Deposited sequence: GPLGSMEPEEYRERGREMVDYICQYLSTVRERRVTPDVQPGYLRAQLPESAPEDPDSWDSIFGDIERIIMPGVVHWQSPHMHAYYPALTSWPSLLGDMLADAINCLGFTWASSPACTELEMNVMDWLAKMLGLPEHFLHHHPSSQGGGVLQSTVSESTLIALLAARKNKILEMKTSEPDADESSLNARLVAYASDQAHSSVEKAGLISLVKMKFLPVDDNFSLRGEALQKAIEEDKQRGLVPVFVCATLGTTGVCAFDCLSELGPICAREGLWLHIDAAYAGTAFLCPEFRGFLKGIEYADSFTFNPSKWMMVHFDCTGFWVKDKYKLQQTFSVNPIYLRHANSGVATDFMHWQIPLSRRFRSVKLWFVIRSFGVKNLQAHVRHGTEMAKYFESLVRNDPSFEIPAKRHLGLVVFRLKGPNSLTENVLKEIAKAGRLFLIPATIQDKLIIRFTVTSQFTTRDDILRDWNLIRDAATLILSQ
């Protein structure tokens, strides 16, 4: 492609993007396609000669879009949000042209140096302890960007089990690290995201999921019981994942109770706040963040609610030496992030994060969180006024869970019917034995009209199923 033929085609892509994101409401959020739909539409081999750019651009709507789930539609309500924004897009265009790798400070200093400063910005913005900042006198920890909360949670466990094994060796210097690993046990809520179980599966660390209270919150008494029972069998408690904003119903583990136990029992305390983390930009939601000073590590996704496009996960550790001894065999003033992560290579993610924090500024990020929560409150009040439906868990943020009164099958068929037109996107979840509809406020541009429109389609589907 000629620098001439990149200017025009670059321009045509900025126009398309501006059109696509502005008119996203006009899209069927769910694509009407079956598995394998794409193969017969694509040649069986890569083209030998250049395909014309017109043909490639023409294929965006002709073959790509019909298979897309439109995650930027206000009628997307499944999972948790993944929000893009105009600034985020502008940052990555820059980063991807540079295309530098920041494994060491030396490999591209700016890649490392912007990230350290912007991560300090973001720790402040969320009200995290000062011991999670790079540039604080007493602090010996810091923030690093990761691709997902999933890997962040794995890294915390990896750092946790490594530090404990090194400690266990000083008694048994002839024992094999893997053999010592056998004795370890890690805990989370039974509401924990599947990333916790997968971290266990990958690390070969025994994982035990602890029962929750009526608000689906893990309590200090559940952890304290488990610790005593496991130690009784000669198991070695090593790790606790506390979830601030569970996937299912957006419950909050009681951190003020879990934090002090982990500090007393010397257990690595990891905070998974993937979604709810963005809410901590607002001091009025920071209630759930009480006992944070006990956290050994904390993670949240700007890539869920804070309007940074994926990938962009914040990961803070208290002790950057324990993190780096996980990844280095060999334990100067320059920070090398390749020792803070699984891979070697990393890219210049910090630009897009920087542009978003700057382009919006703090108060507008805090107002986005409040407006999204407001739209969830409006949706809640609609559900709660209709006695066909029940809400089995409290709405703290932008997620409302509900179901038809009666058997699971009614709620199942409601989802099935909503799915036929796919004018809003919903995913069947479960708490205990009860099937629920999760309704997540996503788009920053969500209106009260969007919410009522979506509620009416749910009501229409409920009315049709309850008439069979």
**Prompt:** Which parts of the deposited sequence lack C-alpha coordinates?
**Reply:** 1-5, 337-344
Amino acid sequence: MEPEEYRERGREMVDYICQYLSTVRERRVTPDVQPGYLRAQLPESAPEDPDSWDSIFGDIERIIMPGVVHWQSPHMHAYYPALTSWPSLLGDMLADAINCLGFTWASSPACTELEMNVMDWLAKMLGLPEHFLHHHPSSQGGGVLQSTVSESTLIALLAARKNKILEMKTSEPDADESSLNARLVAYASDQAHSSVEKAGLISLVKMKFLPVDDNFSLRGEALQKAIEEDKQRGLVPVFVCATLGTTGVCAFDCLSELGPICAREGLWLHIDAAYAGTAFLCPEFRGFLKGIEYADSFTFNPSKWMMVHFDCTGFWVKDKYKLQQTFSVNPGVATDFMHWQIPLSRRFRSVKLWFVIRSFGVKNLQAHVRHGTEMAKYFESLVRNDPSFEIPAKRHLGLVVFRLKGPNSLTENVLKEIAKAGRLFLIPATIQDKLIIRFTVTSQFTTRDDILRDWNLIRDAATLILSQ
From here on, numbers count along this sequence of modelled residues.
**Prompt:** Other compared entries: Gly266 unbuilt in at least a third?
**Reply:** no
**Request:** Please confirm whether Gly332, modelled here, goes without coordinates in at least one third of the other compared entries that cover both its neighbours.
**Result:** yes
**Asked** Of the two stretches 74-82 and 262-270, which shows the higher Cα B-factor on average in the entry?
**Response** 262-270
**Fill in**
Of 453-461 and 14-22, the stretch with the higher mean C-alpha B-factor in the deposited entry is 14-22
**From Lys304, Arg161, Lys231, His339, residue of greatest CA B-factor** = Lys231
**Prompt:** Which of these, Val356, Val144, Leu201, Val240, has its C-alpha atom at the highest B-factor, as the entry lists it?
**Reply:** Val356
**Complete:** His371: C-alpha B-factor third of its chain, per the entry, is the middle
**Chain thirds of CA B-factor: placement of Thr30** = middle
**Item:** Entry-reported Cα temperature factor of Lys290, expressed as the chain third it lands in
**Value:** highest
**Complete:** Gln191: CA temperature factor from the record, placed by chain third, in the lowest
**Fill in**
Binned into thirds over the chain's modelled residues, the C-alpha B-factor of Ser52 lands in the highest
